[PDB]
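Below is one structure, written out as C-alpha cells, with a few remarks after it.
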Protein chains: 4
Amino acid sequence: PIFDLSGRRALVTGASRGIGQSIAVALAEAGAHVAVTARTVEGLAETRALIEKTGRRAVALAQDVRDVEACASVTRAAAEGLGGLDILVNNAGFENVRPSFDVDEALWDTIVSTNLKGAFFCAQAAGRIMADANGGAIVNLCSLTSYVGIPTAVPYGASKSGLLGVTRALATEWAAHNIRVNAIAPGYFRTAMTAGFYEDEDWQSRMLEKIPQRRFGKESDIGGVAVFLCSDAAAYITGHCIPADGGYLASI
Amino acid sequence: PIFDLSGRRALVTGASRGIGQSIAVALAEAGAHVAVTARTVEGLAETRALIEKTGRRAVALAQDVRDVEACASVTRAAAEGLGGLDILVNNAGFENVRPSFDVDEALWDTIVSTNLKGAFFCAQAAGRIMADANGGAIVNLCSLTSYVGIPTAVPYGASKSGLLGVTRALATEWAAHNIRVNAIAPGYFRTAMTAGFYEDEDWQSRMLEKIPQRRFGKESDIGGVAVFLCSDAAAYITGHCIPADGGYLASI
Amino acid sequence: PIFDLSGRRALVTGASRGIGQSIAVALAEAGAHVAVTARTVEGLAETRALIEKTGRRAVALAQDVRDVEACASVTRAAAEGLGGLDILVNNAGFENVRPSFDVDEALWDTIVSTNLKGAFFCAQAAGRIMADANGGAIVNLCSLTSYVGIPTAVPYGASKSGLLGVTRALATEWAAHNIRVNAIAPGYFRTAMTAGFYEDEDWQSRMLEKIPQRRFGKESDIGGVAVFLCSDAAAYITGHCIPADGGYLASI
Amino acid sequence: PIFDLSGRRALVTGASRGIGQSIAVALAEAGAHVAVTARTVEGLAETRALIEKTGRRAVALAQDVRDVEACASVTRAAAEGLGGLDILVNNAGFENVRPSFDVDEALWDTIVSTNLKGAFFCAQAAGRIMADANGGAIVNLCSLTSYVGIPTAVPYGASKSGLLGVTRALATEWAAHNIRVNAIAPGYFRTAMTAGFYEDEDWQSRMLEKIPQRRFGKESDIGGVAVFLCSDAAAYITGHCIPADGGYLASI
Ligand code: NA
Ligand code: NA
Ligand code: NA
Ligand code: NA
C-alpha cells in the first residue's frame, strides 16, 4: 500500500522512448492512469501499447516543451483526458556535446529551453492544477551533470544543474500546497546511450571503471525510483535528488 | 514485486523504539524475516510483538555495539536464527548535546563508538556473511548533522558525518560482492524527540519554520524509505543518503 | 607574491555598484589593470574613481549581457583597452522574487539571459582570448540559491544553480588551456540588500539567527575572496565555489 | 594587508614533512610566529630551519595527538612559547589502506584517534585559549574521502568525513567567540604520495585522467590556501572546506 499509486493520475513528458518510457510504464504498473507526450503522437505507439498492457488508461498528446503555451495547454489537456492530475514527470530533454568555444546562441537556446525552461513551465501548469485540488508529486530528471561537469556539455550541464535548483526552490515554495518536488539523476543508462559518441570502447571501459557496479542502467534501475518518489513512502522527501548511477558519485 | 522483500532476512540494530522499531516493522510488513537487537532482550517486547503481527519470524538478541566482539558474534547469531542474512540496518545511536569546551574523552568515546565504530564493525560482520553468499543491502542511519553542523553536537555530528563517509567507501568497495550500501538521514522525527531539549517551544517554532512541510516526521515517513533502499527498486542506488526531512535541506 | 595580481588584466561585468564594484576595486588594489562594465558608462563613475585611486588603469564600457553580440564585442574591446585579458569576473545579475504560479515567459527570460546565458557567452569570449594567449582565471558569482531553494526565487535559483554547473564543466574543459574557472556564492551582503523586501525586520532577525556570525557581509568580506581565486595561491583550485556567508550553509 | 598574518601566532600539528610542513612555512612567510609539532622534536629540524629562514620564531614540541592529555598540554605549551595562540592547523594524520573485511579494532582506533579524535581535542584546547582572548582561525585537513569513498580506505574516510562534520559544527558553535573554523581537502599531492601504493603507474595514469589539470599538487598549491583561510580576506568564510585538487571533484 505504501508504494501503491492506484487511482493517481500522471503526466510524463518526452515519453516515446528511453527513461521517460520506462518511468511512464512503471507508473502504470504501480496503478496510475498515465498521460504521455512527445513531439508527435505517432512516436508514442510503443509507450501507449506497453501502458495499456497494464489495463490502465493511456492518454497521448503532441507537445513541444519549448513552446511555453504548449507547456500549459497540453498539460491542461492531459488533466482533462485523465480527469485530474497529481503526478508530473519532467523527462523531456535535448542532449548535446559541443566544444564550448563553438556553442552559438541558437544551440544554447535549444538546449536550455528544452531541458530547463520547459520543465519549469510544465511544472507551473501541473502545479496550479494540483494546488487547486489536493496536491501531488513532481519528479524532475536531472543528470550527473547536476553534480559534476562534463567537458563540451556546458549548456546541458547548466540546464540540469539549474533544474536541481528548480527542484529545491519549488519544493520549498509548494510544500504548503501539498505538492512534493523531487528529482532523479540517472547515471549512464543503456537506453539513453544511443548517440554515436557512446560506442567508443575506450570511453566505455573508462566509464565502467568509475562505476562500482561495473554496469550501465537498465529500465528496471529507474522505473521503481520514480514510483517511489511519487508514493506515500516518500511523504517526507521533498527537494531531494536521488542519483541512480551504480555508485558513480559515491566512488573515487 | 519491485518493492517486495519476501524471503529476505534482515538485522536491525538498536530497534527497541523509535526509528529502528519503525524500520524493523516496515521490513517485516514488506515480507522480510527480521532480527532485532538492543541492550536488553526485554526492551524489544513491543518491537517483537509488532513484527510477529505480520506473521513473520522475529529473532531478538542482546547487543552492545560498543563491544566489537558483540558486533560480530551477535550478528552471526542473528544470521543463524534467521537461516541467513541479506539486509542490515545500522540504527543504533547515542544522541548528545554538550558544549564542545566541556566534552571529555569518555563522552567522545561513548558517542563515536556507539554511532560510528559500532556501525562499521556490524557492517563488516554482516558484509562477510553476505559476501560468502549472494550479497545484500546495508542501510546506515545518518542525520542532518551529516550535512550541517549543530552547535554542542560536535562528537555526534562527527559520528554521523563519518558514517556517511563509511557509506560511500563501503559502497565502492563492496559492489563487487553484490552488496549495496546506502543511508537515510532522518530530519526531526517525533519518535526520536524524547530528550527534554525538544519541548522548548521557541525551538520548536524556529525549527518548524525551517521545514517546508511544517511538521515533524512520523513512523510512516521513514519505514518505506528503508524498504525502498533494500528492494530491487533500488538496484542501481549505492553509496547514497536519502534525507527524510520535510524539505529542510532543500530550503533556505 | 602568491596573492599579487600585478600586471594581470581583468574584466568585471555589472560593476557599477555592490559586489561587482567591491571585486573590481579589490582587483585593482592587488595590482591588476581593470575593465568594468554596466548598462551605461555614466553609472561606472564611482567604480572608475575608486580604481584610479589605486594608480591603475580603468577601462569602462557599455554592455548588456543579454545581447550575445555585446558579450563578445565588448569583451574583445575590454581586451584591447587593457592590452590583453586574463581575469574575468561574471558578476552581472538580475535579482527577482515572484510567486512561481505568476512567472511569465518574459520574466523567466530576463532573469536567465542576464544571470546564466550572459555569463556563459562572456566566459566564451574571454576564454577564447585567454586560450590564444597563456590562460587565465574566471570567477562566477553564484548565490545561496546554488545550494538551497528560496521560495518565489525559482528562475533566479535556476540561473545561479546552472552557473555553478557551468563553473564545473568549463573548469573541466578549459584546464588544458591553463584557464581556471571557479565561483563565489555570496550570502547576504549589505551592499546587495537594496530591494524593499529586505527592511522587513522580522525577516532580518530570522535570517541573522541562521548566520553563525550574526552579521551581513561587507565589501571587505568578498573582495579578497575574488583576488584569492584569481591568484597563484589558487593554482590548484578549479571548478569550486567558495561561499562567503558567515557560516550559513554550514549551520543547522 | 588583507592576506597578511604579521603578529599572528600559529600552531601546526604533524608538521615534520609534507602538507603540514608546507602550511607551516607558508604561515611564517605570511608573517606569523609558528609552533610546529611531531612525534619527536628531531624530525622537525627541516621544518624549523625553513621557518627561521623567514626571520620569525619557531617553537617545536613533541606531541602524540592520540594522547588527549598531550592534545591539551602541548597546545598550551605552544601558546606559552609564542606568547599566545590565534591560528591552529590540524594536519596530523595516519593514512591507511586495508580491505574492510580485514580491519581489526586496533587499526580502526589508530586511524580514528589520530585523524578525527586528535583534531577535536587539539581544537578544543586551542579554541579555549582563543575564546579567552580575541578569537582566531582553525583549519582542518580533510581529504577527497570527505566527498567520495576510496575502497579499502574506510576508517580513513570515516575520519576525514567526520572531520568535515566537526568543521561545520565547531564553526557554528564558535563563531560567537570570534573563532572561524574551516578546512582544506587536499587532492593528490606529490609530497603526500610516499607510500609504495602510489608508484603503480597504471594507477597514476588513471588518477591523472580524472584530474583536469593533469598534475599532482606541489607545496605552492596548498600553502597559500591555508594562509588565505587564516587571513582577514576570509573573515566571512566559516564552516567551509576548500578542495585543492586540480579540478578532480568538479570533473566527470
Ligand atoms: Na565518482
Ligand atoms: Na535549509
Ligand atoms: Na544553514
Ligand atoms: Na570527478
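Take the conditions away from ligand 4 (no atom under 16 Å from the Cβ) and either closer than 24 Å to A:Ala226 by Cα or out of contact with any strand residue (DSSP E or B) (no Cβ under 8 Å at 6 or more places or on another chain) (or both) and apply them to B:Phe197. Does it pass? So B:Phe197 fits the description; yes. With respect to (1) hydrophobic (A, V, I, L, M, F, W, C); (2) touching a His at 6+ places or on another chain (Cβ under 8 Å); (3) at the interface with chain D (Cβ under 8 Å from one of its Cβ atoms), the lone exception for B:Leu164 is condition (2).
Here's the yes/no breakdown for (1) within 17 Å of the chain's Cα centre (by Cα); (2) surrounded by 18 or more Cβ atoms within 10 Å (Cβ to Cβ):
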residue	(1), (2)
A:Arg8	no, yes
A:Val12	yes, yes
A:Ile19	yes, yes
A:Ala24	yes, yes
A:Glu29	no, yes
A:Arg48	no, yes
A:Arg57	no, no
A:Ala60	yes, yes
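Out of everything in segment A:163-214 that is in contact with a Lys or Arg (Cβ under 9 Å, 6 or more places away or on another chain) and loosely packed, with under 14 Cβ neighbours inside 10 Å, what residue ends up being nearest to A:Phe94 (Cα to Cα)? Filtering segment A:163-214 for residues that are in contact with a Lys or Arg (Cβ under 9 Å, 6 or more places away or on another chain) and loosely packed, with under 14 Cβ neighbours inside 10 Å, the one nearest to A:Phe94 (Cα to Cα) comes out as A:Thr194. From the list C:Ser220, C:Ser159, pick out the single residue that is surrounded by fewer than 23 Cβ atoms within 10 Å (Cβ to Cβ) and more than 16 Å from ligand 2 (Cβ to nearest atom). Checking each option against the conditions leaves just C:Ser220. Taking the criterion of being in contact (Cβ under 8 Å) with a residue 24 or more places away in the chain and in contact with a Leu (Cβ under 9 Å, 6 or more places away or on another chain), the residues of segment C:30-55 that qualify are C:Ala30, C:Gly31, C:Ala32, C:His33, C:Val34, C:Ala35, C:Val36, C:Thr37, C:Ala38, C:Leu44, C:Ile51.
The residues of segment A:235-244 that are at the interface with chain B (Cβ under 7 Å from one of its Cβ atoms) and within 18 Å of B:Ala226 (Cα to Cα), listed by number, are A:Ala235, A:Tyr236, A:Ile237, A:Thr238, A:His240, A:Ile242, A:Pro243, A:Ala244.
Of all residues in segment B:198-244, those satisfying the criterion of being of a type in the set (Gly, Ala, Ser), away from ligand 1 (no atom under 16 Å from the Cβ) and outside any helix (DSSP H, G or I) are B:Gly217, B:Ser231, B:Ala235, B:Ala244. Among the criteria (1) surrounded by 24 or more Cβ atoms within 10 Å (Cβ to Cβ); (2) away from ligand 3 (no atom under 16 Å from the Cβ), the one A:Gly239 does not fulfil is (2).
Does A:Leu164 fit the bill of being within 16 Å of ligand 2 (Cβ to nearest atom), within 20 Å of B:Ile237 (Cα to Cα) and part of a helix (DSSP H, G or I)?
yes
Does A:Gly247 fit the bill of being within 8 Å of chain B (Cβ to nearest Cβ), within 16 Å of ligand 3 (Cβ to nearest atom), in a loop (DSSP other than H, G, I, E, B) and not basic (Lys, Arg)? No, not satisfied.
Results for (1) among the hydrophobic types (A, V, I, L, M, F, W, C); (2) within 11 Å of chain C (Cβ to nearest Cβ); (3) under 22 Å from D:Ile252 (Cα atoms); (4) surrounded by fewer than 21 Cβ atoms within 10 Å (Cβ to Cβ), shown as yes or no for each residue.
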{"residue": "A:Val74", "(1), (2), (3), (4)": "yes, no, no, no"}
{"residue": "A:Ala77", "(1), (2), (3), (4)": "yes, no, no, yes"}
{"residue": "A:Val103", "(1), (2), (3), (4)": "yes, yes, yes, yes"}
{"residue": "A:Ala106", "(1), (2), (3), (4)": "yes, yes, no, yes"}
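Can you confirm whether segment A:194-212 contains a residue that is over 26 Å from B:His177 (Cα atoms), hydrophobic (A, V, I, L, M, F, W, C), away from ligand 3 (no atom under 16 Å from the Cβ) and touching a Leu at 6+ places or on another chain (Cβ under 7 Å)? Within segment A:194-212, not a single residue is over 26 Å from B:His177 (Cα atoms), hydrophobic (A, V, I, L, M, F, W, C), away from ligand 3 (no atom under 16 Å from the Cβ) and touching a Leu at 6+ places or on another chain (Cβ under 7 Å). Is it the case that C:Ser251 is away from ligand 2 (no atom under 16 Å from the Cβ) and hydroxyl-bearing (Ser, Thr, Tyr)? No, not satisfied. Checked against the criterion of being more than 16 Å from ligand 3 (Cβ to nearest atom), within 19 Å of C:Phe121 (Cα to Cα) and more than 7 Å from chain C (Cβ to nearest Cβ), the candidates A:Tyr147, A:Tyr156 yield just one match: A:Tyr156. Of the residues in segment C:119-128, none is surrounded by fewer than 22 Cβ atoms within 10 Å (Cβ to Cβ) and closer than 29 Å to A:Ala176 by Cα.
Would you check if there is a residue in segment D:174-185 being closer than 22 Å to D:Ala250 by Cα, within 16 Å of ligand 4 (Cβ to nearest atom) and assigned to a helix (DSSP H, G or I)? Can you show your working first?
First, pick out the residues of segment D:174-185 that are closer than 22 Å to D:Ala250 by Cα: D:182-185.
After this cut, where a residue has to be within 16 Å of ligand 4 (Cβ to nearest atom) as well, the list is D:185.
Cutting the leftovers down to assigned to a helix (DSSP H, G or I) gives us none.
Checking segment D:174-185: not a single residue is closer than 22 Å to D:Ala250 by Cα, within 16 Å of ligand 4 (Cβ to nearest atom) and assigned to a helix (DSSP H, G or I).
Looking at B:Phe228, is it away from ligand 4 (no atom under 16 Å from the Cβ), in contact with a helix residue (DSSP H, G or I) (Cβ under 8 Å, 6 or more places away or on another chain) and more than 8 Å from chain A (Cβ to nearest Cβ)? Here the answer is no, as B:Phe228 does not meet what is asked.
Run down B:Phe121, B:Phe94 and say which single residue is more than 16 Å from ligand 2 (Cβ to nearest atom), of a type in the set (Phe, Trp, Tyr) and either assigned to a loop (DSSP other than H, G, I, E, B) or out of contact with any helix residue (DSSP H, G or I) (no Cβ under 6 Å at 6 or more places or on another chain) (or both).
After ruling out the rest, the residue left standing is B:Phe94.
Number of residues in segment C:124-140 that are under 20 Å from C:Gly93 (Cβ atoms) and within 9 Å of chain A (Cβ to nearest Cβ): the value is 2. Search segment B:144-156 for residues being aliphatic (A, V, I, L, M) and assigned to a helix (DSSP H, G or I), and hand back the single one that is farthest from ligand 2 (Cβ to nearest atom). Once the filter is applied, the top-ranked residue is B:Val154. C:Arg128 meets the conditions (1) without any contact (Cβ under 8 Å) to a residue 24 or more places away in the chain; (2) in contact with a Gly (Cβ under 6 Å, 6 or more places away or on another chain) in every case but one. The failed one is (2). Report whether or not D:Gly223 is within 16 Å of ligand 4 (Cβ to nearest atom), of a type in the set (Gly, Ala, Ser) and either touching a strand residue (DSSP E or B) at 6+ places or on another chain (Cβ under 6 Å) or at the interface with chain C (Cβ under 10 Å from one of its Cβ atoms) (or both). The answer is no for D:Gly223. Exactly one residue out of D:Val74, D:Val89, D:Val65 is assigned to a loop (DSSP other than H, G, I, E, B) and among the hydrophobic types (A, V, I, L, M, F, W, C): that is D:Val65. Every test in (1) of a type in the set (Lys, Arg); (2) facing another protein chain (nearest Cβ under 10 Å); (3) farther than 30 Å from A:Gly7 by Cα is passed by A:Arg190 save one, and that test is (2).
Neighbour counts run over all protein chains shown; Cβ positions are idealised from the backbone, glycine included. Values quoted throughout were computed directly from the atomic coordinates according to the rules given, and no laboratory measurement underlies them.
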